[PDB]
Amino acid sequence: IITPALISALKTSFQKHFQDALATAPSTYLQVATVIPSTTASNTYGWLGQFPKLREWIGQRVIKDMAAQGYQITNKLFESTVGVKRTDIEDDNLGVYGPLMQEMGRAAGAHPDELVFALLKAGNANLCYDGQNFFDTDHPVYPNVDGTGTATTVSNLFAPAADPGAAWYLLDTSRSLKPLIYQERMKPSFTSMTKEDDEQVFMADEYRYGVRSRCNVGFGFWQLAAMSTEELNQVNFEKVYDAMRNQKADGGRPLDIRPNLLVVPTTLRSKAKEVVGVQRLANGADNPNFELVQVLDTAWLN
Amino acid sequence: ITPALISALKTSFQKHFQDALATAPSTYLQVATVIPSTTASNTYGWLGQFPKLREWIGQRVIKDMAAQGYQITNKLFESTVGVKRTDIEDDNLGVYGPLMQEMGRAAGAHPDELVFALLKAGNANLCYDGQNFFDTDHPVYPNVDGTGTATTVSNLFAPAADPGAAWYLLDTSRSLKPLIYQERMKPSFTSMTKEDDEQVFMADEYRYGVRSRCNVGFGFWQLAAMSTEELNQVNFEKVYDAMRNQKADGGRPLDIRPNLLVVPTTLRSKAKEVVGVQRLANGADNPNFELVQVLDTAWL
C-alpha cells in the first residue's frame, strides 16, 4: 500500500512546485540593497563613516586606527509551515495542495523585499550608528579628522509646517554599498518531513511541511539616503538633489555624491513621470532633468 | 651568530616561558570556569535555571527553557618585556632570562584581577533582566509555565547609608561558578629575533612580547552575596542564614554551602577575629570557625 516510490514521487512533485514558485518570484531588494553572506551569528560594521581620501605625504604615512564600535546587525530567524491532512493517499485528489506550495514560494521570494522596504520606511524610527534616528535633523559632523570640537547640525528630513503628504526617497547606488544591507546567513530551505515511522503522523493525520531561513536587514550610512514628505514638484526635487549633492565631509570637503534613483510609491508615478521621463514641464518647457535618474515604482511602499 | 644559535635561543626562551604559567597560584579558577570559545562573542540562554531532576519518566517532563541572551564580547590583553642591548654576544644573558619567569607567573594570574574588576563594579553593569546586578527585584518562579509571576525580596543587605567596607561571600562547590571566563586564544610567545632585521638593527633588544584574548562575565546571581554593614558575629550569622535559606522553584532545597569569602585588607582585623580564634569570637560565643574562611584578597 505504502512504498518508497510513491512518497519519493510526491516529495519530488512538491519540491518542484515550491522551487518553481520561488525561482520566478521577482527580486527588487538587490537594486537598493547589498547582500553580505555570513557564517556566524552577526557581523561587525565599524568601517562605515569617514570617507577615505588621499594625503600629500608631507611627513610620515598616516595610519587610521579604526573605531571599535560596531553596528551589531544581530541577524534573526523566521519561517512557516503547513500540513497535508493525509486525505490524498486514499483518493489521490492531488489537484489540490498546489496553490499552497505556490503561496509558499511567492512568500519566500518576496519577504526580503518587504522587510527591506519596511526598514526603509521606518528610517524615522530606527537608530543609526550615530545614536540618533536615521532621518534626523541633528546628525553629527565634526570639523576635524580626529573627530573633536563643536559639530554642525545637518537635516535630510523635510516636512511642511503641517499636513505632510506622501513620502518619497532619494537614494544612490554608485558606491560599493547601497544604503541598506540585506544579510543572508542561510538561503531559505524546505524540509519534506513525511515519514511513516515518524511521529505526530501516526497519532495525528497530517504530513507537515516546513521551510527555514535566516536573514536580516540593516541600515548603512546616511550620507546617501534622503527622505521628504513634500509634494513631488520640480522645486522641491531640485532642492533635495542639490542639498544631497552638496554634502561635505569633515573639514568641509565635498564627497562627490552622485544620486542615482528616486523611489516613490505607485501613487506618485505620475509625479515621477512629470519630473523625470517626459519632455513636458508643468509650464510646458523642455525639462532640465530628463532621464537624470532611473525611477523604480514599487507596490511595497503602497 | 648563526641560525643554529637563533634556534637554540628560541628553544630556551620557549622552555623558560612554558616552565612558568603553570604553577602560578591562580585564585580565579575557584570562582571562574574555563570555556573553549571560537568566535568573538558568545550568547547565553538560561540565567537562573537550577539543573535538577524529577520523578516522572521520559526525558521530557519538566524544564525551564532559555530566555533572552547575555553576551561576553571577549576583550584583549598583552604583556611585553625585553632588554638585550648588551645581553647578547656578551655572555650577560645569564641574567634577564630567569627574571622574566616571574613576569610569566604574574601574567598568568591576570584573570584574577579581571574577575575582581568585574566583582568590584557589579553594580554598574547591565543585567539581562534590565536592572542592576544587586537589585531588589530578582525574579522567582512559583510555577513552570511561561512567565506566570515574578515575585521578589530584598536579596542582599545594605544599611541606611552607614559607613563600611564591602565584603563578598562566594561559593565554589558547584561548577556553575558565579563568574565566567571565556578565552579565544591562549597566551602566545612571538620571537622577532632576525639577523640584521630592518627595525631590530637597534642594538639587540629582540622584542619578546605575547598575545592573548579572553574576558570574564557573570553567571549565577544567587551564588554570590554582598554586605557593607559593620562586620559582626550577629551580622555574619544573619548573612549565612539568609544565603543558606535560599530556595528555588517549588520549594526544593538547594544544599548550597558557601565556601569562599572575600574581604578587603582594611577589614582584616575583624576578618581575623572571625577566623583564627577559638576562645571568645567564632568560639565560646556563636562558634562559626567552620565555613567561608576569609581569603582577604587585595586586587579590589
Inset, instruction - Filter region B:28-48 for residues that are buried (at least 18 other Cβ atoms within 10 Å of the Cβ) and more than 14 Å from chain A (Cβ to nearest Cβ) and give the result. - result: B:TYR28, B:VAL31, B:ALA32, B:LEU47, B:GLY48
Inset, instruction - Report yes if B:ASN132 is touching a residue at least 40 places away in the same chain (Cβ under 8 Å) and assigned to a loop (DSSP other than H, G, I, E, B), otherwise no. - result: no
Inset, instruction - Within region B:172-191, identify whether any single residue is touching a helix residue (DSSP H, G or I) at 6+ places or on another chain (Cβ under 6 Å), under 30 Å from B:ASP87 (Cα atoms) and either among the hydroxyl-bearing types (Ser, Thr, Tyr) or surrounded by fewer than 18 Cβ atoms within 10 Å (Cβ to Cβ) (or both), and answer yes or no. - result: yes
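Yes or no, residue by residue, for (1) aromatic (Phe, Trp, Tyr); (2) in contact with a helix residue (DSSP H, G or I) (Cβ under 8 Å, 6 or more places away or on another chain); (3) in a loop (DSSP other than H, G, I, E, B):
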site: A:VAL84; (1), (2), (3): no, no, yes
site: A:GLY105; (1), (2), (3): no, yes, no
site: A:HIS111; (1), (2), (3): no, no, no
site: A:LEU119; (1), (2), (3): no, no, no
site: A:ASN124; (1), (2), (3): no, no, no
site: A:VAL141; (1), (2), (3): no, no, yes
Inset, instruction - State which residue is surrounded by the most Cβ atoms within 10 Å (Cβ to Cβ) when the search covers only region B:73-93 and only residues that are at negative phi and within 14 Å of chain A (Cβ to nearest Cβ). - result: B:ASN74
Inset, instruction - With respect to B:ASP112, determine if the residue is over 22 Å from the mean Cα position of the chain (by Cα), surrounded by 14 or more Cβ atoms within 10 Å (Cβ to Cβ) and either more than 24 Å from B:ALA242 (Cβ to Cβ) or of a type in the set (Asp, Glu) (or both). - result: no
Inset, instruction - Just one of (1) within 14 Å of chain A (Cβ to nearest Cβ); (2) out of contact with any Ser or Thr (no Cβ under 9 Å at 6 or more places or on another chain) trips up B:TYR70, so point out which. - result: (2)
Inset, instruction - Please verify whether region A:164-181 includes one or more residues that are without any contact (Cβ under 8 Å) to a residue 60 or more places away in the chain and acidic (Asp, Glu). - result: no
Inset, instruction - Taking B:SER12 as the residue in question, decide whether it is small (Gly, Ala, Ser), more than 14 Å from every other protein chain (Cβ to nearest Cβ) and out of contact with any strand residue (DSSP E or B) (no Cβ under 6 Å at 6 or more places or on another chain). - result: yes
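Examine region B:229-242 for a residue that is within 23 Å of B:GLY48 (Cα to Cα) and in contact with a strand residue (DSSP E or B) (Cβ under 7 Å, 6 or more places away or on another chain), and state whether such a residue exists. Give the derivation first.
As a first pass, look at region B:229-242 and keep what is within 23 Å of B:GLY48 (Cα to Cα): B:239-242.
Among the residues that remain, those that are also in contact with a strand residue (DSSP E or B) (Cβ under 7 Å, 6 or more places away or on another chain) are: B:239.
Within region B:229-242 (the criterion being within 23 Å of B:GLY48 (Cα to Cα) and in contact with a strand residue (DSSP E or B) (Cβ under 7 Å, 6 or more places away or on another chain)), the answer is yes, since at least one residue qualifies.
For region B:279-300, which positions are in a loop (DSSP other than H, G, I, E, B) and not aliphatic (A, V, I, L, M)? Write out each step before concluding.
Here is the first cut: in region B:279-300, the residues in a loop (DSSP other than H, G, I, E, B) are B:279-280, B:282-284, B:286-293, B:295-300.
Hits for region B:279-300 are B:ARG279, B:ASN282, B:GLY283, B:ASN286, B:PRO287, B:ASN288, B:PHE289, B:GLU290, B:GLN293, B:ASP296, B:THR297, B:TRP299.
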Legend entry - Meets criteria (assigned to a helix (DSSP H, G or I) and more than 28 Å from A:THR298 (Cβ to Cβ)) for A:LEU94: no
Inset, instruction - Residues being surrounded by 14 or more Cβ atoms within 10 Å (Cβ to Cβ) and in contact (Cβ under 8 Å) with a residue 24 or more places away in the chain: count how many of those fall in region B:269-290. - result: 6
Inset, instruction - Filter region A:134-171 down to the residues that are surrounded by fewer than 12 Cβ atoms within 10 Å (Cβ to Cβ) and not polar (S, T, N, Q), then identify the one that is farthest from the chain's Cα centre (by Cα). - result: A:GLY149
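Which residues, taken from region B:226-246, are closer than 15 Å to B:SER173 by Cα and not charged (D, E, K, R)? Full working, then the answer.
As a first pass, look at region B:226-246 and keep what is closer than 15 Å to B:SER173 by Cα: B:243-244.
Once the filter is applied, which keeps residues that are closer than 15 Å to B:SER173 by Cα and not charged (D, E, K, R), region B:226-246 yields only B:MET243.
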Legend entry - Complete set of residues in region B:139-154 that are touching a residue at least 24 places away in the same chain (Cβ under 8 Å) and of a type outside the set (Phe, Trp, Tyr): B:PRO139, B:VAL140, B:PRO142, B:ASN143, B:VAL144
Inset, instruction - Report yes if some residue within region B:257-268 is loosely packed, with under 14 Cβ neighbours inside 10 Å, within 25 Å of B:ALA165 (Cα to Cα) and among the polar types (S, T, N, Q); otherwise report no. - result: yes
Inset, instruction - Read through the list (1) in contact with a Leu (Cβ under 9 Å, 6 or more places away or on another chain); (2) part of a helix (DSSP H, G or I), then give the number of the only condition that B:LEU5 fails. - result: (1)
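It is to be established whether one or more residues within region B:55-66 are within 14 Å of another protein chain (Cβ to nearest Cβ), in a loop (DSSP other than H, G, I, E, B) and touching an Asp or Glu at 6+ places or on another chain (Cβ under 7 Å). Working first, answer last.
Just the residues of region B:55-66 that are within 14 Å of another protein chain (Cβ to nearest Cβ), to begin with: B:58, B:60.
Checking the rest, the ones that are also in a loop (DSSP other than H, G, I, E, B) come to B:58, B:60.
From what's left, touching an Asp or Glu at 6+ places or on another chain (Cβ under 7 Å): none.
No, region B:55-66 contains no residue that is within 14 Å of another protein chain (Cβ to nearest Cβ), in a loop (DSSP other than H, G, I, E, B) and touching an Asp or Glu at 6+ places or on another chain (Cβ under 7 Å).
Read-outs: derived from the displayed coordinates by stated rules, not from any lab. Cβ coordinates were reconstructed from backbone atoms using ideal geometry, including for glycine residues, and neighbour counts include every protein chain displayed.
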